[PDB]
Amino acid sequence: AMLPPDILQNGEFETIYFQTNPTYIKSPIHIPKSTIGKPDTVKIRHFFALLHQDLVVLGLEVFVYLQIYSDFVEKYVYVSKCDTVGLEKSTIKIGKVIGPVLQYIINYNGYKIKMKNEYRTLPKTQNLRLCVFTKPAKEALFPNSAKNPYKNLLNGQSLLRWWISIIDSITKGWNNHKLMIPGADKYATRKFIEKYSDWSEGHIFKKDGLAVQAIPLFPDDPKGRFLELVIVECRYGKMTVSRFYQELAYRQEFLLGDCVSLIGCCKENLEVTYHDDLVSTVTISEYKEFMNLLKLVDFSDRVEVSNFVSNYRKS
């Protein structure tokens, strides 16, 4: 179950939660055609929101990518959006919801994956990669929420400390926990993790070779935007991993940004058991339609928010 009783309180709070139907996509990491037994990539979108009566309290969007090899899965979990509304005074600490929900999504293994041109059975060996960027945004998910009376907007260093604390609490025992703050000197980065014995400076991806063959291109990710540029300018053949991260630090989004940071955690060789857990699943089009409706709601206006929620409850 996603959230403990002390938070839902038998219907005082309600959840929206749904996944897309698992969909094959091209690998977000460039695979040379040379490769012997290239993986299939399956992507699942997860959307979560917490409701209080008919108002949205917070939202979380997470993309899961399964790189399916013959004997194992490389499973990337990418936090796409995390935001609060702030129309009402804060009753629960946001981290005590985001933490458990994100852990639920990381560990979820009930996907109904169709065969590549009955359902496919996944290898039991999974290698987990959790990828989070931290960037202080006023309204990542909820348009016009930034000037709601009870929206607490963290500055970049405070937001990073918050994410490190959440992520540390749901990756206990993982093989590594990496923090990079592009453009920051190493001792400034080390200060954020000095109390976290399992964390180190750097990143989780392959360290050598071409950047595009090591670093996943996630949608709406500051790292991804630079990768996109490298690819569209067809410099994918020259840009190394080390040079990519060096130049990432000078992008406008980082150099003009407020402590824009990159977190990655890995757990290697986890044996998992595939277990059905019936949740609402929707087509990509239904998912996008929901997100497009969300984009048009004035989240400073309780009427529009209530209407959006009742329309979702309706169907």
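Residue numbers here begin at 1 and follow the sequence given.
- In terms of unmodelled positions of the deposited sequence, the stretch from residue 117 to residue 118 in this entry skips 10 or more residues.
- For the pair 171-179 and 144-152, the record assigns the higher mean C-alpha temperature factor to 144-152.
- Judged by mean Cα B factor in the deposited record, 233-241 ranks above the other of 193-201 and 233-241.
- Of the residues listed, 252, 27, 53, 261, the entry assigns the biggest Cα temperature factor to 53.
- You'll see in the entry that, of 256, 284, 31, 44, the Cα B factor peaks at 31.
- Among the modelled residues of its chain, residue 61 has a C-alpha B-factor that falls in the lowest third, as given in the PDB entry.
- For residue 123, the recorded CA temperature factor ranks within the highest third of the chain's modelled residues.
- Split the chain's modelled residues into thirds by C-alpha temperature factor. Residue 157 is in the middle one.
- When the modelled residues of the chain are ordered by their C-alpha B factor, residue 109 lands in the middle third.
- When the modelled residues of the chain are ordered by their C-alpha B factor, residue 247 lands in the lowest third.
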